[PDB]
Each structure stands twice: as structure tokens, then as C-alpha cells.
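Asker: Have a look at this one before I ask anything.
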Amino acid sequence: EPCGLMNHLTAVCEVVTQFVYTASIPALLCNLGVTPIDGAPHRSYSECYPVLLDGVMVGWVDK
Amino acid sequence: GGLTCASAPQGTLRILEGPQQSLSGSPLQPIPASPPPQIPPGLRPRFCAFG
């Protein structure tokens, strides 16, 4: 009955349990080519990617 | 200070940092393969048959 439901981690696998401040990461992305979500993406949005940082939509990238 | 509407812009400059790729593009550096098991030297017949 529990075959395939009660799975086990591999020996190398590990669960992320550390918590960090990600206040610097969206400004880092905008220092790269990620346009902010208010600003114009300088290309068609059909030629762009939506950027998500932890369930926060940061912006748009030229593909 | 009337702040009139000016004309449409000609284009767009966009400044952003470029990554350095003098490091990557090199030949790959994989993890070295562990050796296959080799027979130990100095293996002798220790057991001799009784009588």
C-alpha cells in the first residue's frame, strides 16, 4: 500500500533550511539586463521572459 | 519653467554590466574517475590442505 508514496531522500540530497535576506538580489538583477516591471522592456514582451524572485515578479529580460 | 512637451526621443541607450568570460570557455575540469579495483600484491596461498 505505501509503495511509491513513502519515498526516501538520496544520500546526497538535502533540504534547504537556511533563511537569508534577499533585499540585494532585485537590484543586482537590474544591474544585469532585467528591466524593472514598471519600465519599458526596450523590446516586445513576446520576445521577453518574466522574472520571478521567490514569488515576486521582478521584471522582464530581453531574450 | 513652463514645462512644455518636448519631441519624441530618437532611441535608447541601456547601460548594464557585462560578465567576464576569460575564465570560462576553458577546457573542462571534471572530477577524476576513481580507479577500478586492482588485485593487491603479495597474495599467496596461505591455506595448505591437511595431511
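All chain B residue numbers match Swiss-Prot; in order, they span 103-153.
Quick reminder: no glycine exception, Cβ is built from N, Cα and C everywhere.
Pasting the relevant annotations from Swiss-Prot:
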COMPBIAS  B:131-143  compositional bias 'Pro residues'
MOD_RES   B:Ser128  phosphoserine
MOD_RES   B:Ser136  phosphoserine
REGION    B:120-143  region 'Disordered'
Asker: Cα of B:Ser136 (phosphoserine) to Cα of B:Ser128 (phosphoserine): how many Å, rounded?
Answerer: 24
Asker: Could you give me three numbers for the region 'Disordered' (B:120-143), the DSSP helix, strand and coil residue counts?
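Answerer: Taking each residue of the region 'Disordered' (B:120-143) in turn, the totals are 0 helix, 0 strand, 24 coil.
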Asker: Counting across all protein chains present, how many other Cβ atoms fall within 10 Å of the Cβ of B:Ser136 (phosphoserine)?
Answerer: 6
